[PDB]
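Chains as they are written, first to last, in full-length UniProt numbering: chain A, 1 to 9, 13 to 50, 54 to 125, 131 to 301; chain B, 1 to 160, 172 to 301; chain C, 10 to 57.
This report refers to the structure that appears directly beneath it.
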Amino acid sequence: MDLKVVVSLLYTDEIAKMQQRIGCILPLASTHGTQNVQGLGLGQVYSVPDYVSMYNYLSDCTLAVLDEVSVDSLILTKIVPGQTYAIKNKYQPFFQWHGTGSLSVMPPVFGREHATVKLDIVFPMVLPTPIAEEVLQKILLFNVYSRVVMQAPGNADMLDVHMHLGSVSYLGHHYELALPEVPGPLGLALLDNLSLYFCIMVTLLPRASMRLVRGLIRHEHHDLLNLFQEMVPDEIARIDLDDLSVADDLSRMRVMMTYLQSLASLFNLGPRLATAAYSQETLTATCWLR
Amino acid sequence: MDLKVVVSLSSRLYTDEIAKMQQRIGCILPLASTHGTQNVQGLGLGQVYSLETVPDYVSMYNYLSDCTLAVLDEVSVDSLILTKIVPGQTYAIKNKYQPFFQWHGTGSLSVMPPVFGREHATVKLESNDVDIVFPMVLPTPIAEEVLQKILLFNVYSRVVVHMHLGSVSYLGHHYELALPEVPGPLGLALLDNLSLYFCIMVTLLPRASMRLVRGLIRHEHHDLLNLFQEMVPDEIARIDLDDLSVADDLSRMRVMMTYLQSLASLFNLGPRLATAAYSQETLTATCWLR
Amino acid sequence: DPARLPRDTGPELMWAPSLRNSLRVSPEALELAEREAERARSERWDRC
């Protein structure tokens, strides 16, 4: 079918800055012919930063590679799950790609100033899946460990969480990170709410697991495994309460199930883009929607 | 490609069923086979959800996911034309579901066994002496809310509050849903796999985040925290005695994030529909099968 | 730390419960044999 999208709006250094990234992708607002500036990628959501809303917005709208930049227009083609494309790793945090590696799109956690073009347009980061999940874990534990040493200095140390969190590793590629060393408490940082979801679900997991095992074990034997895996947890989490207000317990269970499912849909990185044959000499890769 | 399936009725049709079924045009219906012509048996979930008193929702989910999907547009006497749904094709899906669910913009639809009573989405076809039920289609957040409400009813069967669990709430309207008492060993098997995942979570759950959340509830109060009623849980007292170490926290998260993807994908039961461009004036949307 | 289970049948990997991996014990016959052999032992106590 017809795949082009012509959006209307620049000057010479803007031409060079947009020409630097003529192989990258960004989301749109709608799959129509003509659009405005505001319907382009990550502009209306990222300017307080918050990760989960941006991942929801990235899974919300479709995606598009851009092709050419004129003086007053940006010729760009949206991606459809039918046929394949050719995109580029032209992002300033350079994660080297590999053959038949699935590519992800996460909202930019590496600061505004790296993946941007100041006119606004905010490009999302493209990087492979094990690097994606490992940088998710190593930014989340960095968040909670920064909040703990902002609360209690005797629980952890700052260099104790930079010998193991400032670097990601994938097939020998030992990259570094731009970690925000001064987040500031009471929220107000990026990934401030995802840690705030993770802690609540890891707090309500004992009240969930014990209630589930005690409710499942009375139905005598559909399976042995619910009592077979009663030995693998510690007995500290076994003998916790066995009694609470079932109004309060049910409300806690419903909130933990909702936050668990939203968190588990977010830990799945989102729009998974699959490669076929990467060529580092050309910085291009065959890719299609999955 | 030509995707038309005509279903031949084995007898005639009275005028009241004609008037009822012509109201039910555009809804999603399931099919037995994917062949050219079929008879009235094997259509609908009524073969596995019979005219009985004890439902079984998870076997209905299995019958929905196993079989193919179609949409009913042209219905007359002795004959009614269906249009199949196959991956790779796009369709228009109209919103003719009498619990009137307002659809979000460009979200994702989900099919559903009829939770709002058997008699709500059912055409009695006494002429061919059988029954066709219509599977509900409603958006994914309401889908997960209904599903986790179903499983929480199944696990709080053995405890007791009832009206605050077996009744969903939406921006459009709050609804009630039919509740059985036992879903059989398949619902117990879903609870089995859920408790398996949950007990291995509480084996491998990290301990930096609990040490965060203790000082965080004692420091801050949020909507994400007021469900604890400003009370620390007991396992927070008998767990945070240990020291805080980075390496085993990373090794815990490196398996936690692996397991949560499986825990999300276990709630993928029932076919999902990632639609696009829903309009609130046409009551239809461009959809395709994910 | 053991586990408890009703039944299964016919494995190939060894540490899996079965119907052949069950020891075949009759309690009443073993108690009867044990008691009568205790009395034979008690007669053997008083011989030399």
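Yeah, the Cβ is synthetic: ideal placement off N, Cα and C, and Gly gets one too.
Let me see if you follow: with CB-CB separation under 7 Å, is residue i close to chain C or not?
i       : result
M136(A) : no
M268(A) : no
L277(A) : no
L235(A) : yes
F100(A) : no
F116(A) : no
Between residue i and chain A, is there a C-beta pair that is closer than 7 Å?
i       : result
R301(B) : no
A46(C)  : no
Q272(B) : yes
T106(B) : yes
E144(B) : yes
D17(C)  : no
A12(C)  : yes
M264(B) : yes
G226(B) : yes
Applying the criterion that 16 or more other CB atoms from any shown protein chain within 10 Å of the CB defines a buried residue, is residue i buried or exposed?
i              : result
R218(A)        : buried
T15(B)         : exposed
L284(A)        : buried
residue 312(B) : Only positions 1 to 301 of chain B appear in this structure, which leaves residue 312(B) out of reach.
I18(A)         : exposed
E74(A)         : exposed
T286(B)        : buried
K149(B)        : buried
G165(A)        : exposed
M174(B)        : exposed
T37(A)         : exposed
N154(B)        : buried
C298(B)        : buried
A248(B)        : exposed
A12(C)         : exposed
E119(B)        : exposed
Quick one: does residue i have its CB under 7 Å from some CB of chain B?
i       : result
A19(A)  : no
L207(A) : yes
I247(A) : yes
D171(A) : yes
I211(A) : yes
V257(A) : yes
According to DSSP, is residue i helix, strand or coil?
i              : result
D73(B)         : strand
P30(A)         : strand
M174(B)        : coil
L125(A)        : coil
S79(B)         : strand
residue 170(B) : Here chain B breaks off after 160 and picks up again at 172, leaving residue 170(B) without coordinates.
residue 302(B) : Look at the range of chain B in this structure, 1 to 301, and you will see that residue 302(B) is not part of it.
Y97(B)         : coil
residue 171(B) : Regarding the residue in question, residue 171(B) is not represented: chain B runs 160 and then 172, omitting everything in between.
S65(A)         : helix
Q240(B)        : coil
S180(A)        : strand
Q102(A)        : coil
Grab the span of the beta strand (DSSP E) containing residue i for me, first residue to last.
i       : result
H230(B) : Taken as a continuous stretch (DSSP letters only), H230(B) belongs to no beta strand (DSSP E), being part of the alpha helix (DSSP H) at 219–230.
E187(A) : 184–187
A287(A) : 284–290
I93(A)  : 91–94
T297(A) : 295–300
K4(A)   : 4–8
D131(B) : 130–133
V111(B) : 109–112
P139(B) : 136–139
Between which two residues does the alpha helix (DSSP H) carrying residue i extend?
i       : result
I211(B) : 195–214
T18(C)  : Premise fails: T18(C) is in no alpha helix (DSSP H) and is neither H nor E.
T15(B)  : 15–23
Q272(A) : 257–278
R48(C)  : 36–53
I247(B) : 245–248
Worksheet item: Would you say the region 75–86 of chain B touches the region 53–64 of chain B, given that touching needs at least three Cβ pairs under 8 Å?
Response: No contact exists between the region 75–86 of chain B and the region 53–64 of chain B.
Worksheet entry | Touching by the beta-carbon criterion (3+ pairs, under 8 Å), the region 195–205 of chain A and the region 128–139 of chain B | At 8 Å Cβ cutoff, the stretches do not touch.
Worksheet item: Does the region 242–262 of chain B come within contact of the region 210–230 of chain B, defined as at least 3 CB pairs closer than 8 Å?
Response: Verdict: yes, contact present.
Worksheet item: Should the region 226–245 of chain A be called in touch with the region 5–19 of chain B, which here means at least 3 C-beta pairs below 8 Å?
Response: Touching, no.
Discussion item. Is it the case that the region 30–38 of chain C contacts the region 105–118 of chain B, given that we only count it when at least three CB pairs across the two stretches are under 8 Å?
Written reply: As far as the Cβ criterion goes, the region 105–118 of chain B does not touch the region 30–38 of chain C, which means the pair count is below three.
Item to complete: Pair every Cβ in the region 81–93 of chain B with every Cβ in the region 47–61 of chain B, then say whether three or more of these pairs are closer than 8 Å.
Response: Flag = no, the region 81–93 of chain B and the region 47–61 of chain B do not touch.
Worksheet item: Does the region 69–76 of chain B come close enough to the region 23–31 of chain B that 3 or more CB-CB pairs lie under 8 Å?
Response: Contact between the region 23–31 of chain B and the region 69–76 of chain B is present, because at least three Cβ pairs lie under 8 Å.
Item to complete: For the region 144–154 of chain A and the region 164–184 of chain A, state whether three or more C-beta atom pairs, one from each stretch, are separated by less than 8 Å.
Response: Because the criterion of three Cβ pairs below 8 Å is met, the region 144–154 of chain A and the region 164–184 of chain A touch.
Item to complete: Could you say if the region 268–278 of chain B and the region 260–277 of chain A meet the contact criterion of at least three C-beta pairs nearer than 8 Å?
Response: In short, these stretches touch, since the Cβ pair count reaches three.
Discussion item. Measuring CB atoms only, is the region 14–21 of chain C touching the region 240–248 of chain A, in the sense that at least three cross pairs come out at less than 8 Å?
Written reply: These segments do not touch.
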